[PDB]
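Since the structure comes first, as structure tokens, the remarks are kept for the end.
Just so it is clear, none of the values below were taken in a lab; they were calculated from the coordinates. Virtual Cβ from ideal backbone geometry, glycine too; neighbours counted across all protein chains shown.
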Amino acid sequence: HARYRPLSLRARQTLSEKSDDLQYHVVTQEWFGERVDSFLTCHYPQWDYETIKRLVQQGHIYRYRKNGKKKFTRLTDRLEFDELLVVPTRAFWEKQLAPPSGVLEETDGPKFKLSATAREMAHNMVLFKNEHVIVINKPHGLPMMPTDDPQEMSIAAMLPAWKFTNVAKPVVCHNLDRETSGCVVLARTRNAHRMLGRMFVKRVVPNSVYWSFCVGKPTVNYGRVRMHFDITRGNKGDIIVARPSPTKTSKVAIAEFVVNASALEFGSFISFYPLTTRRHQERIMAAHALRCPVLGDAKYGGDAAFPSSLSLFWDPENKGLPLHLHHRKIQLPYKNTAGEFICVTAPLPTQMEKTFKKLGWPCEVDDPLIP
RNA sequence: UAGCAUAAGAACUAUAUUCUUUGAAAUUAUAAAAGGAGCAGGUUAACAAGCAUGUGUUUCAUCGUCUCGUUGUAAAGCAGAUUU
């Protein structure tokens, strides 16, 4: 909810101590030795153990031992005689600036019906599935989140389709562009989502690859690309200023590009291994840092991503050419029976398969750079 | 402020007494100042009851979209580097 401001540690402590919306449960003879978690579970049936643990471990719920200081306790610590246990209230969470933990609130929303054809499409889309995670081959044209036009299809909309024998639908762990296809990961459970979210933040060891067909050939076969973006809002779209040097408000974008095989100076096949997440880092780096736009990228390589070189295969005047960028070989923490991590791949889309076949290069090949 | 001068034989001498006289130093000492290399820290940054010019607005992030909007989070979150 709104009216929640970012608070430093001192500000949070000051607000917590000043607020009068606190309930003090006395520890009597009957609840002396009872554990904190059991006491809270008994006294707050409406709350969930997740909320209990979050509050206790983040300090929103504490105890006062008459010691002149508020002790912050673990869930496994025993209580004591004639001591207070301070717990906030709905008033504490709402009528002030301190935001609550993202569980205790009772927010809810409606549902949405899906057609049998859509469910079958989702089932065919699914690639890998276990008790924790799903990896699906998101197509080219479909978007991930709802578009500026509410009446449009989306992966978020289709999410309930692959709610296999689970009460709650999975949650997307990361998002792809509306023009890029390939693997996308869904966490089945909330704990799985929290654990797997640490993969998609900025990292130094690549775990996924992007196969791209780029017009032109970079001067070097393998290398690293680093660009600092200063995304800002514009009239309708957003401006993306890219610079080589850092800046206070800029965000870095790092990738490792390997030219798997280049036909000639006209076209090339590149693999991008990103160490960072930014709006359109792969496309921007291919277009500017490498000076080799993707074969279907009109947003950056306008009139240059559609070359007359491949007039025999693709019509240069057909601006609807799908982007020749494909997410592939996402590596997951979960291992297999052989002891090695699970690397889920996605088959190349129709256009990239056609281009590879026409150039004579094989399509189904294992990328050793992502073990 | 009233009281305090003066006094001649017993010979090293006894914890007892607050008296001989200061009531306002009207700062600025310390020379002055600017932006490759050296040392140190941090790299799990710094800031955050915010921001913008009384008003409008959640924070940070998941590679959305052309304003709209899904999800997580309220830190287990956010700069830059992660090489031998």
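Put simply, the amide H of A:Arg35, placed in the peptide plane, has no neighbours under 5 Å, leaving out anything fewer than 5 places away on its chain.
In this structure, the amide hydrogen of A:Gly182, modeled 1.01 Å from its nitrogen in the peptide plane, lies closer than 5 angstrom to those of A:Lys138, A:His327, counting only residues at least 5 positions away or on a different chain. Within the listed set A:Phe72, A:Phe128, A:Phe213, the Gaussian network model of chain A (springs between alpha-carbon atoms below 10 Å) gives the highest mean-square fluctuation for A:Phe72. Classified by the C-alpha gyration tensor, the stretch A:202-311 has an oblate form. Its axis ratio a/c, with a ≥ b ≥ c, is 1.5 or above, and a/b does not exceed b/c.
For the stretch A:28-119, applying the loop criterion from DSSP together with a ceiling of 13 other beta carbons within 10 Å to the trypsin sites (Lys or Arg not before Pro) yields A:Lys66, A:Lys69, A:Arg74, A:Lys95, A:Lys111, A:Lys113. What the phi angles of the stretch A:312-321 give under the Karplus curve with 6.51, -1.76 and 1.60, with θ = phi - 60°, is a coupling list of 5, 8, 10, 6, x, 8, 7, 6, x, 4 Hz, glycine and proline written as x. Computed from Cα atoms alone, the Kirkwood hydrodynamic radius reported for the stretch A:1-104 is 14.2 Å. If you wrap the tightest convex hull around every Cα atom of the stretch A:223-371 and split its volume per residue, you get 145 Å³. Taking A:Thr165, A:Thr41, A:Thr355 in turn, the Gaussian network model of chain A (Cα-Cα springs below 10 Å) assigns the largest fluctuation to A:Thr41. Quick one: grab the alpha carbon gyration tensor of the stretch A:275-358, order the square roots of its eigenvalues as a ≥ b ≥ c, and give me rounded if a/c is under 1.5, else prolate or oblate depending on whether a/b is larger than b/c. In terms of gyration-tensor shape, oblate. A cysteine counts as unpartnered when no other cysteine's C-beta lies under 4.7 Å of its own; in chain A this applies to A:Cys42, A:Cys173, A:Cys183, A:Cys343, A:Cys363. Here, the stretch A:151-217 has an Rg and a Dmax of 14.9, 50 Å when only alpha carbons are counted. Relative contact order of chain A: 12 percent, from C-alpha pairs under 8 Å at least 6 residues apart in sequence. When the chymotrypsin sites (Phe, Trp or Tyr not before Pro) in the stretch A:271-317 are filtered for DSSP coil states and for at most 13 other beta-carbon atoms within 10 Å of their beta-carbon, the remaining sites are A:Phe313. Set the Cα radius of gyration of chain A against 2.2 N^0.38 Å, with N its number of residues, and you get 1.25. Partner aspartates and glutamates whose Cα lies under 14 Å from the Cα of A:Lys69, excluding those fewer than 8 positions away in the same chain, are identified as A:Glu17, A:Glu83.
Phi angles of the stretch A:175-185 translate, via the Karplus equation with coefficients 6.51, -1.76, 1.60 and θ = phi - 60°, into HN-Hα couplings of 10, 10, 5, 6, 9, 9, 10, x, 5, 9, 10 Hz per residue; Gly and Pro are given as x.
The Cα trace of the stretch A:70-186 gives Rg and Dmax of 21.0, 65 Å, the first to one decimal, the second as a whole number.
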